[PDB]
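As a starting point, one isolated chain is supplied in structure tokens, in the form deposited in one PDB entry.
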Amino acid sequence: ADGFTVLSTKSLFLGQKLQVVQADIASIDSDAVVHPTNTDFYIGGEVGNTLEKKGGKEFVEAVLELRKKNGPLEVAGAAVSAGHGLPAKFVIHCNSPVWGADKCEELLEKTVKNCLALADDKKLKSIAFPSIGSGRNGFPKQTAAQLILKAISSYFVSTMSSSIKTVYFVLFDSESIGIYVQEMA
């Protein structure tokens, strides 16, 4: 970072663009970045820590503000905080499922779609997703990536009115980067 590599690009249903990019997600200038968290908006995951790093106290205080107003975050739920201290306008926080928990793969796809729904609700044009679930939550990195990419593709099918024009799938750790390139794109 500020490392940024476009690894692939794909046209979605109505011409929206899905880019797989290599970068520190905290450095991405999209309208939203996605923070995988838990029911109590814990900031301690791998992405949470990189955001914390980049955004400092202003970030931490935005999450706290959200935590107060929102209360506990339901499973697969998504909520949004101002991206104070960050290049991103907003941070979308999602209750990431744990690998091995019931229906965790379905939940991962739901979590992704709820984030997209929330970005649409805020009329956002861009939204960057890390590989939710495959850090502290233990998903195999290939499986997480597959489920996220599939959910993204699925959200845009038949959707006419989405504000979202660009979705980034952000890879940072070398195992994930390698898995993606090794296969296709």
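If you superpose the two forms and keep the largest set of C-alpha atoms that fall within 1.5 Å, you have the rigid core. Just count from 1 along the sequence shown to find any residue number.
Beyond the structure shown, there is the form deposited in another entry, which is absent from this document and is the topic of what follows.
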Select from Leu124, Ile152, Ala145, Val63 the only position whose Cα moves 2 Å or more between this form and the one not shown when the core is aligned.
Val63
Once you overlay the rigid core, does the Cα of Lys110 travel 2 Å or further between this form and the one not shown?
no
If we fit on the core, is the Cα of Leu86 displaced 2 Å or more between this form and the one not shown?
yes
Taking the rigid core as reference, does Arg136 move its C-alpha 2 Å or further between this form and the one not shown?
no
In the other form, do the Cα atoms of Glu105 and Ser158 sit closer or farther apart than here, given a shift of 3 Å or more?
closer
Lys54 and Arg136: their C-alpha distance differs by 3 angstroms or more in the other form. Do they come closer or move farther apart compared with the shown form?
farther
